[PDB]
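So the sequences go chain by chain: M and T.
Count the first sequence with PDB author numbering and you get residues 52 to 102, in order.
Count the second sequence with PDB author numbering and you get residues 1 to 150, in order.
Beta carbons are placed, not taken as given, at the ideal position from N, Cα and C, and that holds for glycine.
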Amino acid sequence: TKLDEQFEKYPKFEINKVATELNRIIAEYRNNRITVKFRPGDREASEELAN
Amino acid sequence: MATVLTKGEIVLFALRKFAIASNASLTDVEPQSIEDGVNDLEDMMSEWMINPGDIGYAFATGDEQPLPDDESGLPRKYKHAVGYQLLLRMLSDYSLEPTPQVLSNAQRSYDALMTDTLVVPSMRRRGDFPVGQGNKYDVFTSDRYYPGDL
Numbered sequence: 052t053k054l055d056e057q058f059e060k061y062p063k064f065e066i067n068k069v070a071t072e073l074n075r076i077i078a079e080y081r082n083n084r085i086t087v088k089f090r091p092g093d094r095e096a097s098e099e100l101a102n
Numbered sequence: 001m002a003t004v005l006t007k008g009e010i011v012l013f014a015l016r017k018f019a020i021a022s023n024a025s026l027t028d029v030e031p032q033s034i035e036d037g038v039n040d041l042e043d044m045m046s047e048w049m050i051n052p053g054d055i056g057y058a059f060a061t062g063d064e065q066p067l068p069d070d071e072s073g074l075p076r077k078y079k080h081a082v083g084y085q086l087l088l089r090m091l092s093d094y095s096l097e098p099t100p101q102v103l104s105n106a107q108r109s110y111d112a113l114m115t116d117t118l119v120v121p122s123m124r125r126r127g128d129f130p131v132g133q134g135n136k137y138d139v140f141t142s143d144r145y146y147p148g149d150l
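Structure below.
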């Protein structure tokens with residue numbers, strides 16, 4: 052507001068409290084990362100193929 | 001302004017409002033009561049530069065003397081307030097006391113004058129008070145913490 056011919060602005064404090072659970076979730080994945088597997092089948096040579 | 005208030009018109013108003021010199025009570029008017037009234041008005045206006053504050057009165061430049069024909073410089077919206085205050089101050093010259101209705105009128109006019117010169121100074125922030133991260137003191141503005149001075 053003007054406040055006697057000035058432009059003082061409202062104080063806007065920021066206390067970030069929504070990031071803790073997000074960090075917990077991200078740490079959960081970075082601990083156990085998981086990737087592709089390529090399971091074999093029922094055949095004479097599928098084991099070596101999967102390897 | 002509309003018709004321009006002179007210093008003599010204000011004292012004539014005060015003299016008329018208590019039936020001392022007017023054409024609609026009995027008769028008559030005196031020349032010394034005019035100089036006394038104008039000097040009283042000048043001293044009142046000098047004093048009013050403190051409590052009610054300046055309202056635009058035009059003082060005499062250099063010594064000379066006020067004179068009733070000089071232009072007062074006041075807006076016409078103030079003449080009742082000024083006249084009633086002057087009448088209250090100069091009643092005791094003639095050994096008279098005001099009636100309650102006159103006091104009520106004087107108070108109402110004074111209140112109207114007071115309403116038109118308010119300020120309400122609207123105190124500011126201090127100077128050691130932080131300004132939050134929410135308004136980006138680094139890039140958009142500068143100087144985290146309010147100036148609180150100027």
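Original post:
Is the region 81-91 of chain M close to the region 46-58 of chain T, with three or more CB pairs under 8 Å?
Top reply: The answer is no - the region 46-58 of chain T does not touch the region 81-91 of chain M, with fewer than three Cβ pairs under 8 Å.
**OP:** For my contact list, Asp149 (chain T) and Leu86 (chain T) are in at a C-beta cut-off of 8 Å; report their separation, rounded to the angstrom.
**Re:** For this step, residue 149 (chain T) is matched to residue 149 along the second sequence. For this step, residue 86 (chain T) is matched to residue 86 along the second sequence. Contact flag wrong, Cβ pair sits at about 42 Å.
Subject >> Minimum Cβ-Cβ distance from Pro91 (chain M) to chain T less than 8 Å >> reply: Here residue 91 (chain M) refers to the residue found at position 40 of the first sequence. Residue-level contact by beta carbon fails for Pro91 (chain M) and chain T, as no gap is shorter than 8 Å.
Subject >> Same chain, Cβ closer than 8 Å to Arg125 (chain T), neighbours up to 5 away in sequence not counted >> reply: Position 125 of the second sequence holds residue 125 (chain T). Taken in chain order, the residues that qualify are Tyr146 and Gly148.
Original post:
Quick check: the region 105-123 of chain T against the region 67-86 of chain T, are there 3 or more CB pairs under 8 Å?
Top reply: Judged by Cβ distances under 8 Å, the region 105-123 of chain T makes contact with the region 67-86 of chain T, as three or more pairs qualify.
Subject >> Within the region 27-65 of chain T, ranges of the beta strand (DSSP E) (whole runs, at least 3 residues) >> reply: Counting only runs of 3 or more, we get nothing.
**OP:** May I ask you to verify whether the region 14-29 of chain T touches the region 87-94 of chain M, counting CB pairs closer than 8 Å and requiring at least 3?
**Re:** By the Cβ test, the region 14-29 of chain T is not in contact with the region 87-94 of chain M, since fewer than three Cβ pairs between them sit closer than 8 Å.
**OP:** Could you tell me which residues DSSP puts in a beta bridge with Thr6 (chain T)?
**Re:** Numbered from its first residue, the second sequence carries residue 6 (chain T) at position 6. Here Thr6 (chain T) is bridged, per DSSP, to T:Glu71.
Original post:
Could you give the distance in angstroms between the alpha-carbon of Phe89 (chain M) and the alpha-carbon of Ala101 (chain M)?
Top reply: The residue labelled residue 89 (chain M) in the question sits at position 38 within the first sequence. The residue labelled residue 101 (chain M) in the question sits at position 50 within the first sequence. In this structure, the CA atom of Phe89 (chain M) is about 6 Å from the CA atom of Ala101 (chain M).
Subject >> Buried/exposed call for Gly62 (chain T), threshold 16 Cβ in 10 Å >> reply: As a position in the second sequence, residue 62 (chain T) is number 62, starting the count at 1. When all chains shown are included, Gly62 (chain T) counts as exposed.
**OP:** Check whether the Cβ atoms of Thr115 (chain T) and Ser72 (chain T) lie closer than 8 Å to each other.
**Re:** Taking the second sequence and counting its residues from 1, one reaches residue 115 (chain T) at position 115. Taking the second sequence and counting its residues from 1, one reaches residue 72 (chain T) at position 72. Taking 8 Å as the Cβ cut-off, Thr115 (chain T) and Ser72 (chain T) do not qualify as a contacting pair.
Original post:
What's the C-alpha gap between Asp143 (chain T) and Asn74 (chain M)?
Top reply: Against the second sequence, residue 143 (chain T) aligns to sequence position 143. Against the first sequence, residue 74 (chain M) aligns to sequence position 23. Going by the C-alpha atoms only, they are around 32 Å apart.
**OP:** Kindly list, in the order they appear in chain T, the residues whose Cβ is closer than 9 Å to that of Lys68 (chain M).
**Re:** For the purposes of this step, residue 68 (chain M) is taken as residue 17 along the first sequence, with counting starting at 1. Within chain T, no residue comes near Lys68 (chain M); the closest Cβ sits about 14 Å away, beyond 9 Å.
Subject >> Under 8 Å (Cβ pairs) to chain M, residues found in the region 114-140 of chain T >> reply: Those residues of the region 114-140 of chain T placed with their C-beta closer than 8 Å to a C-beta in chain M are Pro121, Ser122, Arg124, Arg125, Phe129, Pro130, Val131, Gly132, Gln133, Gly134 and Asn135, ordered along the chain.
**OP:** Evaluate the contact criterion for the region 23-32 of chain T versus the region 97-106 of chain T: three or more CB pairs, one atom per stretch, below 8 Å.
**Re:** As far as the Cβ criterion goes, the region 23-32 of chain T does not touch the region 97-106 of chain T, which means the pair count is below three.
Original post:
Is the Cβ-Cβ distance between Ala60 (chain T) and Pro68 (chain T) less than 8 Å?
Top reply: Reading the second sequence from its first residue, position 60 is the one you call residue 60 (chain T). Reading the second sequence from its first residue, position 68 is the one you call residue 68 (chain T). The answer is no: Cβ separation not under 8 Å.
Subject >> Contacts that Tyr146 (chain T) makes with chain M (C-beta to C-beta distance below 8 Å) >> reply: For this step, residue 146 (chain T) is matched to residue 146 along the second sequence. Within chain M, the residues near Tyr146 (chain T) are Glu59.
Original post:
Among M:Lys60, M:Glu99, M:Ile85 and M:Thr52, which residue has its Cα nearest to the Cα of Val131 (chain T)?
Top reply: Indexing the second sequence from 1 puts residue 131 (chain T) at position 131. Proximity to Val131 (chain T) across M:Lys60, M:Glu99, M:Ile85 and M:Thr52 peaks at M:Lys60, based on C-alpha coordinates.
**OP:** Could you round the C-beta distance between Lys68 (chain M) and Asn135 (chain T) to whole angstroms and report it? I think they count as a contact, below 8 Å.
**Re:** Along the first sequence, read from residue 1 onward, the residue named residue 68 (chain M) stands at position 17. Along the second sequence, read from residue 1 onward, the residue named residue 135 (chain T) stands at position 135. The Cβ separation is near 20 Å, so there is no contact.
Original post:
Leaving out five residues before and five after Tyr84 (chain T) in sequence, what residues of the same chain have Cβ atoms less than 8 Å from its Cβ?
Top reply: In the second sequence, the residue the question calls residue 84 (chain T) occupies position 84. For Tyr84 (chain T), where only same-chain residues beyond five positions count, the Cβ hits under 8 Å are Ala14, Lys17, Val102, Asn105, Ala106, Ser109 and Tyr110.
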